[PDB]
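**Student:** Everything below, folded, please.
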Amino acid sequence: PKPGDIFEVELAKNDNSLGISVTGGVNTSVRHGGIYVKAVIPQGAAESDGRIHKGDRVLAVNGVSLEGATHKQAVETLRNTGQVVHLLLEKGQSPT
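**Tutor:** Numbers count the residues shown, from 1 in each chain. I have put the structure below:
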């Protein structure tokens, strides 16, 4: 009954892309360099399926470690997937 737990989003990168507006990432606002989505945008396959979530701590994309990078860095990973969307993230906490 506590956060810190890790989870993965297995969306289908093929046939449909994502639809989330991501932010943070940069090694400043976040802990070190992990990404944190802003919200789930009601347009892409992400919001639809609802795999990703607000301020989601994405640490991997198809096996690509995100630890040590900015927002745009992950943005590239999440986006630059290809076949399937196998993103292993972490239960993101709230601001306060």
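**Student:** Okay, and residue 73 sits in which element?
**Tutor:** Element membership of residue 73, judged by DSSP states H and E, is helix 71-79.
**Student:** May I have that helix as PDB, with CA atoms only?
**Tutor:** Extracted as PDB, the C-alpha positions of helix 71-79 are listed here (Å, rounded to 0.1, in the frame of the first residue of the first chain):
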ATOM      1  CA  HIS A  71      11.700  15.600 -21.400                       C
ATOM      2  CA  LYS A  72      12.400  15.900 -25.100                       C
ATOM      3  CA  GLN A  73      14.800  13.000 -24.600                       C
ATOM      4  CA  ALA A  74      12.000  10.700 -23.600                       C
ATOM      5  CA  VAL A  75       9.600  12.300 -26.000                       C
ATOM      6  CA  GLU A  76      11.900  10.900 -28.700                       C
ATOM      7  CA  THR A  77      11.900   7.500 -27.000                       C
ATOM      8  CA  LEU A  78       8.200   7.300 -26.400                       C
ATOM      9  CA  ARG A  79       7.600   8.500 -30.000                       C
END
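**Student:** Which SSE is immediately downstream of it?
**Tutor:** strand 85-90.
**Student:** That following strand vs helix 71-79, what angle?
**Tutor:** Interaxial angle of strand 85-90 relative to helix 71-79 (axes from the mean of the first three to the mean of the last three CA atoms, to 10 degrees): 130 degrees.
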